[PDB]
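Peer 1: You'll find coords-v7.tsv just under this line, and it carries TSV, C-alpha atoms.
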```tsv
chain	number	residue	atom	x	y	z
G	130	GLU	CA	-12.00	-53.80	-7.13
G	131	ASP	CA	-11.61	-52.46	-10.74
G	132	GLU	CA	-10.83	-49.14	-12.57
G	133	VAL	CA	-10.49	-48.08	-16.28
G	134	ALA	CA	-8.80	-45.18	-18.09
G	135	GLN	CA	-11.15	-44.80	-21.15
G	136	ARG	CA	-8.02	-43.66	-23.14
G	137	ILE	CA	-7.30	-45.64	-26.37
G	138	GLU	CA	-3.89	-45.59	-28.18
G	139	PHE	CA	-2.61	-46.66	-31.62
G	140	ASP	CA	0.71	-45.14	-32.85
G	141	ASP	CA	1.38	-41.64	-31.40
G	142	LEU	CA	-2.40	-40.84	-31.21
G	143	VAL	CA	-4.47	-41.20	-28.05
G	144	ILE	CA	-8.29	-41.09	-28.17
G	145	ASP	CA	-10.12	-40.34	-24.94
G	146	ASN	CA	-13.79	-41.02	-23.93
G	147	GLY	CA	-12.76	-40.19	-20.32
G	148	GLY	CA	-12.48	-36.56	-21.67
G	149	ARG	CA	-14.50	-36.87	-25.00
G	150	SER	CA	-11.44	-35.67	-27.05
G	151	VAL	CA	-7.96	-36.79	-28.39
G	152	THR	CA	-4.21	-36.05	-28.03
G	153	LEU	CA	-1.61	-36.66	-30.76
G	154	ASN	CA	2.18	-36.47	-30.24
G	155	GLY	CA	1.65	-35.34	-26.57
G	156	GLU	CA	0.22	-32.15	-28.16
G	157	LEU	CA	-3.58	-32.18	-28.03
G	158	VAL	CA	-5.35	-32.50	-31.44
G	159	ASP	CA	-8.86	-31.86	-30.20
G	160	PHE	CA	-10.97	-33.43	-32.99
G	161	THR	CA	-14.50	-32.07	-33.79
G	162	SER	CA	-17.43	-33.86	-32.02
G	163	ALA	CA	-18.25	-36.02	-35.11
G	164	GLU	CA	-14.66	-36.47	-36.33
G	165	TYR	CA	-13.87	-37.63	-32.78
G	166	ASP	CA	-17.06	-39.81	-32.72
G	167	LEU	CA	-16.22	-41.57	-36.02
G	168	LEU	CA	-12.53	-41.81	-35.07
G	169	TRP	CA	-13.50	-43.31	-31.62
G	170	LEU	CA	-15.91	-45.75	-33.39
G	171	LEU	CA	-13.14	-46.96	-35.73
G	172	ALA	CA	-10.40	-46.93	-32.99
G	173	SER	CA	-12.77	-48.78	-30.59
G	174	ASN	CA	-13.26	-51.44	-33.32
G	175	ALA	CA	-9.58	-51.08	-34.35
G	176	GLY	CA	-8.29	-54.13	-36.28
G	177	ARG	CA	-11.91	-54.79	-37.57
G	178	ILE	CA	-12.91	-52.99	-40.86
G	179	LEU	CA	-15.83	-50.52	-40.71
G	180	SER	CA	-17.71	-49.90	-44.08
G	181	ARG	CA	-17.62	-45.91	-44.05
G	182	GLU	CA	-21.39	-45.44	-43.82
G	183	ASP	CA	-21.79	-47.99	-40.92
G	184	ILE	CA	-19.62	-45.64	-38.82
G	185	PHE	CA	-21.31	-42.39	-39.84
G	186	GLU	CA	-24.76	-43.97	-39.44
G	187	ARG	CA	-23.66	-45.02	-35.88
G	188	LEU	CA	-22.75	-41.38	-34.89
G	189	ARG	CA	-24.87	-39.06	-37.12
G	190	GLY	CA	-26.43	-40.07	-40.48
G	191	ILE	CA	-26.95	-36.31	-41.24
G	192	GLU	CA	-26.29	-34.09	-44.29
G	193	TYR	CA	-25.30	-30.83	-42.44
G	194	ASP	CA	-25.78	-27.62	-44.59
G	195	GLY	CA	-25.39	-29.71	-47.83
G	196	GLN	CA	-21.92	-31.29	-47.18
G	197	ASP	CA	-23.00	-34.39	-49.27
G	198	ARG	CA	-20.98	-36.87	-47.05
G	199	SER	CA	-17.37	-36.01	-48.09
G	200	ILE	CA	-16.25	-39.01	-45.92
G	201	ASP	CA	-12.85	-39.90	-47.65
G	202	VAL	CA	-11.69	-36.28	-47.54
G	203	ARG	CA	-12.79	-35.82	-43.98
G	204	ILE	CA	-10.68	-39.00	-43.20
G	205	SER	CA	-7.93	-37.24	-45.25
G	206	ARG	CA	-8.18	-34.50	-42.47
G	207	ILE	CA	-8.18	-37.16	-39.66
G	208	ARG	CA	-4.99	-38.32	-41.53
G	209	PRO	CA	-2.79	-35.22	-40.65
G	210	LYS	CA	-4.63	-34.93	-37.25
G	211	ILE	CA	-3.35	-38.48	-36.41
G	212	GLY	CA	0.20	-37.79	-37.66
G	213	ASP	CA	-0.41	-39.89	-40.82
G	214	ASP	CA	0.96	-40.17	-44.44
G	215	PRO	CA	0.65	-37.53	-47.27
G	216	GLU	CA	-1.79	-39.32	-49.70
G	217	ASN	CA	-3.73	-41.65	-47.30
G	218	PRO	CA	-3.63	-42.54	-43.62
G	219	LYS	CA	-1.89	-45.87	-42.87
G	220	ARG	CA	-4.29	-45.75	-39.85
G	221	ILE	CA	-7.59	-45.78	-41.80
G	222	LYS	CA	-8.57	-45.70	-45.44
G	223	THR	CA	-10.45	-48.52	-47.34
G	224	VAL	CA	-8.13	-51.46	-46.39
G	225	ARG	CA	-8.96	-53.24	-49.75
G	226	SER	CA	-12.39	-52.18	-51.14
G	227	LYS	CA	-14.48	-52.01	-47.89
G	228	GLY	CA	-14.48	-49.03	-45.53
G	229	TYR	CA	-12.28	-47.50	-42.92
G	230	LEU	CA	-10.32	-50.07	-40.98
G	231	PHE	CA	-8.69	-48.31	-38.13
G	232	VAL	CA	-5.47	-50.37	-37.88
G	233	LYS	CA	-3.37	-51.36	-34.80
G	234	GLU	CA	-0.35	-52.06	-37.03
G	235	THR	CA	-0.57	-51.79	-40.87
G	236	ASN	CA	0.64	-55.37	-41.73
G	237	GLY	CA	-0.47	-58.80	-40.38
G	238	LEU	CA	1.31	-60.97	-43.04
```
The structure given in the file should be rewritten as structure tokens.

Peer 2:
Amino acid sequence: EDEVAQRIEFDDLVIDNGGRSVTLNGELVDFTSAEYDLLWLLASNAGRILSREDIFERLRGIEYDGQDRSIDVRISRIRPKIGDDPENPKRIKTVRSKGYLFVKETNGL
């Protein structure tokens, strides 16, 4: 016998494919379908770095009504939606010069 939750947790954020949404702070963010998809993608790889476009090309690869892939800013909205820092998320942005690493904790050594 086996059973799984399909809920994924990192800090005070919980991402949920069992309900296709997310909670933060026990208080129910509800990300957009793509912001949730890309967040899920990163969080489901979390601790591996994901090169911005690799993520978006996994979920979408679309231009919308001329939004010109404002990826770092859109992450800078995931930032306050995941309880994160004022200038960049400790959870996500760049890591060094690469992508979006969704972290588990922000320091290895």

Peer 1: If you measure from atom CA of residue G:171 to atom CA of residue G:231, what distance in Å do you get, rounded to one decimal?

Peer 2: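 Atom CA of residue G:171 sits 5.2 Å away from atom CA of residue G:231.
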
Peer 1: Considering all atoms listed in the file, state which residue in the set G:234, G:159, G:166, G:197 is at the smallest distance from residue G:211.

Peer 2: G:159

Peer 1: Please provide the set of residues having any atom within 8 Å of residue G:233, restricted to all atoms listed in the file, with same-chain residues fewer than 3 positions apart removed, written as an NGL selection string.

Peer 2: :G and (139-140 or 175-176 or 220)

Peer 1: Of the residues G:202, G:157, G:151, G:232, which is the one nearest to residue G:135, using all atoms listed in the file?

Peer 2: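 Among G:202, G:157, G:151, G:232, it is G:151 that comes nearest to residue G:135.
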
Peer 1: Kindly give the distance, in Å, that separates atom CA of residue G:216 and atom CA of residue G:188, rounded to a single decimal.

Peer 2: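 Value for the atom CA of residue G:216-atom CA of residue G:188 distance: 25.7 Å.
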
Peer 1: Hey, which of G:144, G:172, G:137, G:238 ends up closest to residue G:160? Count only C-alpha atoms.

Peer 2: G:144

Peer 1: Between G:134, G:227, G:180, G:204, which one has atoms that come closest to residue G:147, using all atoms listed in the file?

Peer 2: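 Of G:134, G:227, G:180, G:204, the one nearest residue G:147, counting all atoms listed in the file, is G:134.
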
Peer 1: From the list G:200, G:158, G:153, G:142, which residue is nearest residue G:222 when using only C-alpha atoms?

Peer 2: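 That would be G:200, the residue with the smallest distance to residue G:222.
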
Peer 1: One number please: atom CA of residue G:145 to atom CA of residue G:163, in Å, one decimal.

Peer 2: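 So the answer is 13.7 Å.
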
Peer 1: Pick the closest to residue G:213 from G:235, G:179, G:132, G:196: which is it, counting all atoms listed in the file?

Peer 2: G:235

Peer 1: Taking all atoms of stretch 168-187 of chain G that appear in the file, build a box with edges along x, y and z, extend it by 4 Å on every side, and state its centre and edge lengths in Å to one decimal, as JSON.

Peer 2:
```
{"center_x": -16.5, "center_y": -48.3, "center_z": -37.3, "size_x": 24.5, "size_y": 21.0, "size_z": 21.5}
```

Peer 1: Using the partial input, fill out stretch 207-233 of chain G with N, CA, C and O atoms; write the result as a JSON list (two decimals), in the coordinates of the input.

Peer 2:
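Contents of selection-v4.json, freshly written:
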```json
[["chain", "number", "residue", "atom", "x", "y", "z"],
["G", 207, "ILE", "N", -8.56, -36.31, -40.81],
["G", 207, "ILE", "CA", -8.18, -37.16, -39.66],
["G", 207, "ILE", "C", -6.72, -37.60, -39.84],
["G", 207, "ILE", "O", -5.93, -37.47, -38.92],
["G", 208, "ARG", "N", -6.35, -38.00, -41.05],
["G", 208, "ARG", "CA", -4.99, -38.32, -41.53],
["G", 208, "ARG", "C", -3.89, -37.40, -40.94],
["G", 208, "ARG", "O", -3.15, -37.88, -40.08],
["G", 209, "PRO", "N", -3.77, -36.10, -41.28],
["G", 209, "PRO", "CA", -2.79, -35.22, -40.65],
["G", 209, "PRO", "C", -3.08, -34.96, -39.16],
["G", 209, "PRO", "O", -2.12, -34.78, -38.41],
["G", 210, "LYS", "N", -4.34, -35.01, -38.69],
["G", 210, "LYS", "CA", -4.63, -34.93, -37.25],
["G", 210, "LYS", "C", -4.20, -36.15, -36.42],
["G", 210, "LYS", "O", -4.05, -36.02, -35.21],
["G", 211, "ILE", "N", -3.91, -37.29, -37.06],
["G", 211, "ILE", "CA", -3.35, -38.48, -36.41],
["G", 211, "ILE", "C", -1.91, -38.78, -36.83],
["G", 211, "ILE", "O", -1.40, -39.89, -36.68],
["G", 212, "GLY", "N", -1.23, -37.75, -37.33],
["G", 212, "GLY", "CA", 0.20, -37.79, -37.66],
["G", 212, "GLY", "C", 0.55, -38.58, -38.93],
["G", 212, "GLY", "O", 1.71, -38.94, -39.15],
["G", 213, "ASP", "N", -0.46, -38.90, -39.74],
["G", 213, "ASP", "CA", -0.41, -39.89, -40.82],
["G", 213, "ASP", "C", 0.16, -39.39, -42.17],
["G", 213, "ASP", "O", 0.48, -38.21, -42.35],
["G", 214, "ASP", "N", 0.30, -40.31, -43.13],
["G", 214, "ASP", "CA", 0.96, -40.17, -44.44],
["G", 214, "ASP", "C", 0.35, -39.10, -45.37],
["G", 214, "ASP", "O", -0.80, -38.69, -45.18],
["G", 215, "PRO", "N", 1.08, -38.63, -46.40],
["G", 215, "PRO", "CA", 0.65, -37.53, -47.27],
["G", 215, "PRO", "C", -0.57, -37.78, -48.18],
["G", 215, "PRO", "O", -1.33, -36.85, -48.43],
["G", 216, "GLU", "N", -0.75, -39.00, -48.69],
["G", 216, "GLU", "CA", -1.79, -39.32, -49.70],
["G", 216, "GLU", "C", -2.99, -40.09, -49.12],
["G", 216, "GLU", "O", -4.13, -39.97, -49.59],
["G", 217, "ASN", "N", -2.75, -40.89, -48.07],
["G", 217, "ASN", "CA", -3.73, -41.65, -47.30],
["G", 217, "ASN", "C", -3.17, -41.97, -45.92],
["G", 217, "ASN", "O", -1.97, -42.18, -45.77],
["G", 218, "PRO", "N", -4.05, -42.07, -44.92],
["G", 218, "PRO", "CA", -3.63, -42.54, -43.62],
["G", 218, "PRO", "C", -3.33, -44.05, -43.69],
["G", 218, "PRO", "O", -4.19, -44.84, -44.10],
["G", 219, "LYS", "N", -2.16, -44.47, -43.20],
["G", 219, "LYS", "CA", -1.89, -45.87, -42.87],
["G", 219, "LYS", "C", -2.84, -46.37, -41.78],
["G", 219, "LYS", "O", -3.21, -47.55, -41.77],
["G", 220, "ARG", "N", -3.31, -45.47, -40.91],
["G", 220, "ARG", "CA", -4.29, -45.75, -39.85],
["G", 220, "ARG", "C", -5.64, -46.19, -40.36],
["G", 220, "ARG", "O", -6.25, -46.95, -39.62],
["G", 221, "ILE", "N", -6.14, -45.72, -41.51],
["G", 221, "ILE", "CA", -7.59, -45.78, -41.80],
["G", 221, "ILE", "C", -8.05, -46.38, -43.16],
["G", 221, "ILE", "O", -8.88, -47.29, -43.20],
["G", 222, "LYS", "N", -7.65, -45.78, -44.29],
["G", 222, "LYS", "CA", -8.57, -45.70, -45.44],
["G", 222, "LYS", "C", -8.72, -47.00, -46.25],
["G", 222, "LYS", "O", -7.72, -47.60, -46.67],
["G", 223, "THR", "N", -9.97, -47.41, -46.49],
["G", 223, "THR", "CA", -10.45, -48.52, -47.34],
["G", 223, "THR", "C", -10.14, -49.95, -46.91],
["G", 223, "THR", "O", -11.05, -50.79, -46.96],
["G", 224, "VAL", "N", -8.89, -50.20, -46.50],
["G", 224, "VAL", "CA", -8.13, -51.46, -46.39],
["G", 224, "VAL", "C", -7.92, -52.21, -47.72],
["G", 224, "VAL", "O", -6.77, -52.50, -48.07],
["G", 225, "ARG", "N", -8.99, -52.51, -48.46],
["G", 225, "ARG", "CA", -8.96, -53.24, -49.75],
["G", 225, "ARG", "C", -9.97, -52.66, -50.74],
["G", 225, "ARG", "O", -9.59, -52.06, -51.75],
["G", 226, "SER", "N", -11.26, -52.79, -50.42],
["G", 226, "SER", "CA", -12.39, -52.18, -51.14],
["G", 226, "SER", "C", -13.62, -51.97, -50.23],
["G", 226, "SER", "O", -14.77, -51.94, -50.70],
["G", 227, "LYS", "N", -13.41, -51.88, -48.90],
["G", 227, "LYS", "CA", -14.48, -52.01, -47.89],
["G", 227, "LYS", "C", -14.90, -50.71, -47.23],
["G", 227, "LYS", "O", -16.06, -50.30, -47.39],
["G", 228, "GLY", "N", -14.02, -50.06, -46.46],
["G", 228, "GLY", "CA", -14.48, -49.03, -45.53],
["G", 228, "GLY", "C", -13.43, -48.06, -45.04],
["G", 228, "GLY", "O", -12.74, -47.38, -45.79],
["G", 229, "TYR", "N", -13.33, -48.04, -43.73],
["G", 229, "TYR", "CA", -12.28, -47.50, -42.92],
["G", 229, "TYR", "C", -11.98, -48.61, -41.93],
["G", 229, "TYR", "O", -12.80, -48.92, -41.06],
["G", 230, "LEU", "N", -10.84, -49.28, -42.10],
["G", 230, "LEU", "CA", -10.32, -50.07, -40.98],
["G", 230, "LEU", "C", -9.44, -49.11, -40.23],
["G", 230, "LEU", "O", -8.42, -48.69, -40.78],
["G", 231, "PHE", "N", -9.73, -48.88, -38.96],
["G", 231, "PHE", "CA", -8.69, -48.31, -38.13],
["G", 231, "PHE", "C", -7.74, -49.40, -37.67],
["G", 231, "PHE", "O", -8.12, -50.30, -36.94],
["G", 232, "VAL", "N", -6.51, -49.36, -38.14],
["G", 232, "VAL", "CA", -5.47, -50.37, -37.88],
["G", 232, "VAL", "C", -4.93, -50.30, -36.43],
["G", 232, "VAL", "O", -5.05, -49.28, -35.75],
["G", 233, "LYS", "N", -4.24, -51.36, -36.00],
["G", 233, "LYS", "CA", -3.37, -51.36, -34.80],
["G", 233, "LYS", "C", -1.90, -51.32, -35.22],
["G", 233, "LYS", "O", -1.17, -50.41, -34.82]]
```
